[PDB]
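Residue-level structural notes
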Number of protein chains: 6
Amino acid sequence: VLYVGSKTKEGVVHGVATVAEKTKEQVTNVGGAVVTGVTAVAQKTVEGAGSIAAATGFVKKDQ
Amino acid sequence: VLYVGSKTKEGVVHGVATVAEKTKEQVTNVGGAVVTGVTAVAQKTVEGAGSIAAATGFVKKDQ
Amino acid sequence: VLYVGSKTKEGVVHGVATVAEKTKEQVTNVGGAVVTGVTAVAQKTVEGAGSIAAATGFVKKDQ
Amino acid sequence: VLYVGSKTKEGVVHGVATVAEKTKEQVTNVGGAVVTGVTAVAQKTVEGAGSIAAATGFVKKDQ
Amino acid sequence: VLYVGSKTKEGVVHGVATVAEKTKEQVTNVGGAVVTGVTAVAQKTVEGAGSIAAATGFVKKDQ
Amino acid sequence: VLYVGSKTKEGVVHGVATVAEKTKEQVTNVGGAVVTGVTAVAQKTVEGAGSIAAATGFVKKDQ
């Protein structure tokens, strides 16, 4: 009995109740990025870069 | 009995109830990116970069 | 009995009830980034950079 | 154009999302009544007695 | 254009999200009544007695 | 244009989000009544007695 990675809960989302009541919803993108409406999301990275919002970068590595 | 990777829950989403009531929903993209409406999503990466929102980058590595 | 990684809860979101009542919702992006409406999100990184809001950077590494 | 019984909604249940997560559920009745777990129920009576919970009455009209 | 019973909503339940997470649930009745777990219920009576909880009465009209 | 029973909302329940997290729930009735857990319930009576909690009365109209 050593339990190194024992009973864990990592990056967990549970017991969520949402009610969305919108009459109109608009998104007009012309460049870059847009991220909307992220709900009940979970991740678990090991040796890596974990993102849940965007990188949104015009990476212009020129010449 | 050592339980190295014992009873885990990693990157888990459970028990979710959502009600969406929208009359109109519009997205007008003209460039870049748009990500909407991500619900009840789970991931687990090992030795890698995990993303749940977009990279959204005009990677212009020129010359 | 040593319990090194014993019964943990890391990066956990539970028991959430939200009610959103909006008549109109608009986003008009013309460049850069926009991130809206992130609810009940959890992450757990190991040896990495974890983000839940965007990088939003016009990385212009020129010449 | 008079619209006496015009566009009505009476006794209506709509847009319901439920998630029930129980490990054990028991009911041990020995007399009378038991009513459990009534969800998303609608009725419309005209000239009558409408019930959605039980009468539960040992009507002992004796002699 | 008179609209006597015009666009009504009477006895209406809409846009409901519930999440129930119970490990054990017991009901042990030995007499009378028990009513549990009534969710998202709607009624509309006209010239009548409308009930959504029980009558629960040992009506002993004797002799 | 007179709008006698115009655009009404009577006995209406909408936009409800609930999250119940109980480990044990018990009800041990031995007589009378018990009513528990009534959520998102709506009624509309006309010329009648509307109840949403029980009558609970041992009506012993004797002799």
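The numbering scheme restarts from 1 for each chain and tracks the written sequence of that chain rather than necessarily the entry's numbering. Residues without coordinates are not displayed. Lettering of chains starts at A and numbering of ligands starts at 1, both following the order in which they are written. As a rule here, side-chain values come from all non-hydrogen atoms in the structure, and water together with hydrogens is ignored.

Per the deposited record, cryo-EM is how this structure was determined, to a resolution of 2.7 Å.

The name recorded for chain A in the PDB entry is Alpha-synuclein, from Homo sapiens. The record lists the entry's title as "The cryo-EM structure of Fe3+ induced alpha-syn fibril".

Notes on the overall build of chain A
For clarity, the threshold we go by: In DSSP terms, a helix is any run of H or I states spanning at least four residues, a strand is any run of E spanning at least two, and both are numbered starting from the N terminus. C-alpha atoms define the radius of gyration, and 2.2 Å times the number of residues to the power 0.38 defines the globule rule. A simple rule labels every residue: compare its accessible area, found with a 1.4 Å probe on the protein chains alone, to the largest value its type can have, and call it buried under 20%, exposed over 50%, or partly exposed in between. In short, Shrake-Rupley with a 1.4 Å probe defines the accessible areas, and a residue's cover is counted only from the protein chains shown. When charges are tallied, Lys and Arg are placed among the positive residues and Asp and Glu among the negative ones, while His and the ends of the chain are skipped. Positions of charges follow a simple convention, taking NZ of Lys, CZ of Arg, CG of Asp or CD of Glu.
Each helix and strand in chain A was counted, giving 0 helices and 3 strands. Listing each helix as α and each strand as β along chain A from the N terminus yields β-β-β. Relative to a compact globule of 63 residues, whose C-alpha radius of gyration would be 11 Å, chain A shows 19 Å and is clearly more extended. Reported as C-alpha extents along the three principal axes, the dimensions of chain A are approximately 60 × 50 × 5 Å. Counting across all 63 residues of chain A, residues that qualify as buried make up 75%. When the accessible surface of chain A is split by element, carbon and sulfur atoms take 58% of a total near 1,600 Å². Here chain A holds 7 positive side-chain charges and 5 negative ones, and the gap between their average locations is 3 Å.

Here we look at the sheet that holds strand 3 (residues 35-42) of chain A
Rule in force here: Note on pairing: DSSP must find at least two bridges between two strands before they are called paired. Here, axes are lines fitted to C-alpha atoms. For helices the fit covers the stretch in contact, and angles between N-to-C directions go from 0 to 180 degrees.
Here we have 3 strands laid out as an open sheet, ordered 3(B)-3(A)-3(C), and parallel in their pairing. Strands at the two margins of the open sheet, each flanked by one partner only, are strand 3 (35-42) of chain B together with strand 3 (35-42) of chain C. Across the sheet, the axes of successive neighbouring strands diverge by a mean angle of 0°, strand direction being ignored. Inspection of the sheet shows strand 3 of chain A paired to strand 3 of chain C by 6 bridges, in the parallel sense. Residue pairing in the sheet places A:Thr36 in a bridge with C:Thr36 of strand 3 of chain C.

A short note on the interface of chain A and chain F
We apply this condition: A contact between two residues is defined here by any heavy atoms of the two lying within 4.5 Å. In short, buried area is how much 1.4 Å probe accessible area vanishes from two parts on joining, totalled over both. The term salt bridge refers to a side-chain nitrogen of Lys or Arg lying within 4 Å of a carboxyl oxygen of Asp or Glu. Three classes are used: nonpolar for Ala, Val, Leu, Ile, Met, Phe, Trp, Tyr, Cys and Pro, charged for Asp, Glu, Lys and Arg, and polar for all others, with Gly counted as polar.
Counting from both sides, the interface comprises 6 residues of chain A and, opposite them, 7 residues of chain F. Taken as a group, A:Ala17, A:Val19 and A:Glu21 account for 73% of the area that chain A buries against chain F, more than any other trio of residues on that side. Here chain A is connected to chain F by 0 salt bridges. Its residues assigned to classes, the side of chain A that touches chain F shows 3 nonpolar, 2 polar and 1 charged.

Brief notes about the side chain of A:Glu21
Tracing the backbone through its elements, the reader meets A:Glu21 in the loop between strand 1 (10-20) and strand 2 (24-29). For the buried residue A:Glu21, which engages in no salt bridge, the nearest side chain bearing the opposite charge is F:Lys9, 8.2 Å off.

Here's the deal with the relation of the copies chain A and chain F
The operation relating the two chain copies consists of a rotation about an axis and a shift along that axis. Cut-off, in case you're wondering: Every copy is matched to the others by a least-squares superposition of C-alpha atoms.
Its rotation angle being 180°, the transformation that places chain A on chain F also includes 2.4 Å of axial translation and leaves an RMSD of 0.0 Å. Both copies present the same face, since 100% of the interface residues in chain A are matched by interface residues at the equivalent positions in chain F.

Looking at the environment of D:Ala17
Structurally, D:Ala17 can be placed in strand 1 (residues 10-20). Accessibility expressed as a relative area gives 19% for D:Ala17, which makes it buried. Taking the C-alpha atoms as reference points, D:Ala17 and D:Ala40, 23 residues apart in sequence, are found 9.7 Å from one another. In this structure D:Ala17 touches B:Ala17, B:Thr18, B:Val19, E:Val16, E:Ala17 and E:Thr18, once residues within four positions along its chain are discounted.

Some thoughts on a nonpolar patch on the surface
Applied cut-off: For patch building, the residue pool is restricted to those with more than 30% relative accessible area and no salt bridge; the joining distance is 9 Å between like charges and 5 Å between nonpolar side chains (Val, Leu, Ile, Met, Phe, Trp, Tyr).
On the surface, A:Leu2, A:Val4, B:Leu2, B:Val4, C:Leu2 and C:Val4 cluster together into a nonpolar patch covering about 550 Å² of accessible area. Following the sequence through the fold, A:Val4 ends up in the segment before strand 1. A relative accessible area of 38% places A:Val4 in the partly exposed class.

A word on the interface of chain E and chain D
Stated formally: Here a polar contact is taken to be a pair of N or O atoms separated by no more than 3.5 Å, where protein atoms must pair a possible hydrogen donor with a possible acceptor and residues adjacent in sequence count only if both atoms sit in side chains.
At the junction of the two partners, chain E supplies 63 residues and chain D supplies 63 residues. In total, about 4,700 Å² of surface goes out of reach between chain E and chain D, with carbon and sulfur atoms giving 48% of it. Contact with chain D buries surface across chain E, with E:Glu25, E:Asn29 and E:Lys44 losing the most and accounting together for 11% of the total. Scanning the region where chain E abuts chain D turns up 1 salt bridge. Where E:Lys44 meets D:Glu10, a salt bridge forms, and the shortest distance between an N and an O atom there is 2.9 Å. On inspection of chain E and its partner chain D, the count reaches 59 residue pairs in polar contact. When contributions to the side of chain E that touches chain D are tallied by element, the ones reaching two or more residues are strand 1 (10-20), strand 2 (24-29) and strand 3 (35-42) of chain E. The greatest single-element share of the side of chain E that touches chain D, amounting to 11 residues, is contributed by strand 1 of chain E.

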